[PDB]
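One chain is shown next in structure tokens, namely the form deposited in one PDB entry.
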């Protein structure tokens, strides 16, 4: 029940408004070896949603080079953290563009991805935040050598689960990909329903566990920019796992480690304070 001491500390820090000082001291990106030269190539300009939100060279997801994409470039970062003995493996990526759908599915295939955690809407405020890279039911699409079929979509209130089949058109191999989309989460803000977000995290945790039981692949997390709401998901799941290991909690240490793998994770104070609220409620129900 040492979680009780953690929950008081967290509630007090939030209640007294000491969260901000902690958050604003965390650097947004690497100080050194922060080169994003491949991402900055003129040839890759159309592949970035924002020319300043970029993967670092040494952790970018490298696609096998193709005719259409010689550098095999996608705006996506490997995120590998070890926190309290747990080795976490994610890929964090931006929302696909019309012209990066083949790249996105090539990454899904090559990296062995079984679960997509989508935490953006397709459209918000009249703007595209993610291209519709998977088919709409009523049910198949082809991007280069990958055929994607939507089997079903089931709504769980705050999020929806879509069963996808992905087929390699040159080998005939097929794989199931589970698409878990949180549907009401404004960009730069927080989920509307805190408990709904916890149930979304619970479903990601469950499906990862059970698909692993049947080299485990990274979880693919994406938003629009691939840093804000993506960062909330990753930092929340890591910190929740920390709650069982007695070791002293150090959220800004963890977020700093994460931003060493992909810049700008967790864009706003409300997103960071939301992670505190998530942990408090998780501990309040333990």
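For the two forms, the rigid core is made up of the largest set of C-alpha atoms that agree within 1.5 Å on superposition. Numbering follows the first chain given and starts at 1.
The next section is about a form of this same protein that is not shown, the form deposited with a partner chain bound.
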- Message: Whether 53, 225 and 228 jointly form a contact site for its partner chain in the bound PDB entry is the question; each needs a heavy atom within 4.5 Å.
- Response: yes
With a 4.5 Å heavy atom cut-off to its partner chain in the bound PDB entry, the contacting stretch among 45-53, 242-250, 59-67, 31-39 is 45-53
After a rigid core superposition between the shown form and the other one, the exception among 72, 186, 163, 144, its Cα shifting by 2 Å or more, is 186
Notebook entry, point to check: Relative to the superposed rigid core, does the CA atom of residue 85 travel 2 Å or more between the shown form and the other one?
Noted result: yes
